[PDB]
2 protein chains.
Amino acid sequence: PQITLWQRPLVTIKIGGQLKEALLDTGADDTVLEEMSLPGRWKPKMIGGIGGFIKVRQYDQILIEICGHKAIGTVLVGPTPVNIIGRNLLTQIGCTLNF
Amino acid sequence: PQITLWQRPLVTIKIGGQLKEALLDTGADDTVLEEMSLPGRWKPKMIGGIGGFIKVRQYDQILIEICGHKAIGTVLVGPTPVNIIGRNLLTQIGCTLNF
Ligand SMILES: CC(C)[C@H](NC(=O)[C@H](OCc1ccccc1)[C@H](O)[C@@H](O)[C@@H](OCc1ccccc1)C(=O)N[C@H](C(=O)NCc1ccccn1)C(C)C)C(=O)NCc1ccccn1
């Protein structure tokens with residue numbers, strides 16, 4: 001679909017059989033989700049944002065459905081204010097910026 | 001144009017007679033630029049994201065040129081490590097997310 005930006009570009013995503021709201025963020029290299037349980041082993045990663053850096057848990061090859069489009073990739077879990085869908089998954093669903 | 005997200009969507013902007021590189025950021029409510037001098041009176045503001053909050057200076061009615069398109073809006077100036085063009089200005093140039 002086509003999403004304007006007068007409001008936050010929030011979409012519904014499905015992960016671990018649960019529905020959550022997440023922000024489509026072209027300014028994020030990675031996808032960062034709020035604290036939750038995911039399968040498998042995780043690796044450590046440090047990511048930087050506007051306020052500085054935070055420590056997150058990296059899970060690989062995670063299945064996530066964004067607005068009905070299935071994607072399988074890396075997801076970071078940590079103290080983020082909101083769920084963020086980054087470029088790593090936006091490219092998987094063919095998302096582009098237009099103007 | 002149509003911008004893909006394989007790489008960070010960086011563009012050239014013009015503000016106060018200066019050419020700067022900025023990130024088209026759909027995950028940003030506001031536009032935040034690295035420390036610089038702007039005309040007029042400003043108001044202090046606290047903005048947050050990944051990592052926490054930072055104190056910035058808020059300037060209103062600022063003219064910015066983005067890839068040729070002129071836009072007017074509020075611009076925040078502060079210790080951000082990267083220049084960010086947020087939704088307040090992305091809307092003015094007719095920017096949308098598509099997939
Ligand atoms: C791991 C990624 C998260 C990271 N990218 C960013 O931090 C982007 O910023 C560019 C950026 C990149 C590096 C350093 C600083 C800035 C984001 O899009 C950012 O803009 C946005 O974050 C998502 C978000 C949305 C809503 C609430 C909280 C958080 C955010 O902080 N939005 C704020 C916002 O809208 N806040 C609203 C709010 C809601 C609730 C509570 C408080 N505030 C704005 C005021 C900035 C990244 O790619 N680092 C690699 C990287 C890239 C380049 C250089 C170095 N590393």
Side-chain angles (χ1 to χ4, degrees), chain A residues 3-11 13 20-35 42-52 54-60 62 64 66 73-92 95 97, chain B residues 3-11 13 20-36 42-60 62 64 66 73-91 95 97:
Chain A
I3 301 172
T4 57
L5 303 167
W6 304 96
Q7 290 186 173
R8 295 182 174 175
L10 294 176
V11 295
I13 63 171
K20 296 174 165 293
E21 281 200 5
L23 184 72
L24 300 188
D25 188 1
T26 60
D29 298 340
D30 309 307
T31 292
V32 194
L33 301 183
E34 296 168 36
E35 190 55 56
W42 56 277
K43 290 181 292 181
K45 189 177 188 191
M46 288 278 270
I47 57 176
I50 195 64
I54 61 172
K55 196 61 188 180
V56 303
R57 308 204 304 282
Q58 182 184 311
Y59 295 81
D60 294 313
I62 298 304
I64 177 174
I66 307 165
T74 300
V75 174
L76 307 180
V77 177
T80 177
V82 297
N83 293 311
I84 300 161
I85 303 304
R87 295 187 301 102
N88 71 306
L89 298 184
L90 294 176
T91 51
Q92 279 192 34
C95 188
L97 280 173
Chain B
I3 304 178
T4 57
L5 301 171
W6 298 109
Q7 300 98 53
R8 291 174 183 158
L10 296 168
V11 296
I13 64 167
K20 291 182 173 295
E21 189 180 72
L23 182 65
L24 296 183
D25 202 332
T26 60
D29 287 351
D30 313 306
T31 291
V32 194
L33 305 177
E34 54 190 356
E35 277 300 323
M36 68 180 288
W42 52 275
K43 299 163 55 66
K45 183 181 188 184
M46 289 285 275
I47 54 175
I50 291 295
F53 291 72
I54 56 167
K55 183 184 187 66
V56 298
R57 301 200 308 286
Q58 181 191 325
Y59 292 80
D60 299 309
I62 299 297
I64 294 191
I66 303 176
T74 295
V75 175
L76 306 183
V77 181
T80 181
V82 62
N83 292 318
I84 299 167
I85 300 303
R87 294 190 297 99
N88 70 306
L89 297 184
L90 294 176
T91 58
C95 190
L97 246 13

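Just so it is clear: chains get the letters A, B, ... in the order the sequence lines come, proteins before strands, and each one is counted from 1. We count ligands from 1, going down the list as the structure has it; atoms in each ligand are counted the same way.
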Student: Under 3.5 Å between any N/O of A/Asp29 and any N/O of ligand 1: does that happen in this structure?
Tutor: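 Yes, A/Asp29 has an N/O under 3.5 Å of an N/O on ligand 1.
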Student: Report yes if some N/O of A/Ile84 lies less than 3.5 Å from some N/O of ligand 1; otherwise report no.
Tutor: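 Checking ligand 1 against A/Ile84, no N or O pair falls under 3.5 Å apart.
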Student: At a non-hydrogen distance cut-off of under 4.0 Å, which region of A/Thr26 contacts ligand 1 (side chain, backbone, both, or neither)?
Tutor: neither
Student: So does B/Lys43 pair up with B/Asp60, basic N to acidic O under 4.0 Å?
Tutor: no
Student: Return yes when B/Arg8 approaches ligand 1 closer than 4.0 angstrom through a heavy atom, no otherwise.
Tutor: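 Checking ligand 1 against B/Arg8, which is what was asked, there is a heavy-atom contact under 4.0 Å.
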Student: Should A/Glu34 and A/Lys20 count as an ion pair when the cut-off is N to O under 4.0 Å?
Tutor: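 Salt bridge flag = no for A/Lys20 with A/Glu34.
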Student: Just let me know how A/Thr80 lines up against ligand 1, side chain, backbone, both or neither, with a heavy-atom cut-off below 4.0 Å.
Tutor: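 It is neither part, as no heavy atom is under 4.0 Å.
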Student: Under the side-chain hydrogen bond (donor to acceptor under 3.5 Å, both in side chains) rule, collect the residues that match up with A/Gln7, sequence neighbours excluded.
Tutor: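 A/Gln7 satisfies side-chain hydrogen bond (donor to acceptor under 3.5 Å, both in side chains) with no other residue.
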Student: Could you tell me, atom by atom, which parts of ligand 1 come under 4.0 Å of a heavy atom of B/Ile50?
Tutor: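 Near B/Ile50, the atoms of ligand 1 are 3 (C).
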Student: Does A/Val32, backbone or side chain, put an N or O under 3.5 Å from an N or O of ligand 1?
Tutor: no
Student: Once side-chain hydrogen bond (donor to acceptor under 3.5 Å, both in side chains) is applied, do any residues pair with A/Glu21, and if so which ones, sequence neighbours excluded?
Tutor: none
Student: Compare B/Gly48, A/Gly78, A/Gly49 and give the one whose heavy atom is closest to atom 43 (N) of ligand 1.
Tutor: B/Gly48
Student: Against heavy atoms of A/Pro81, which atoms of ligand 1 measure under 4.0 Å?
Tutor: 28 (C)
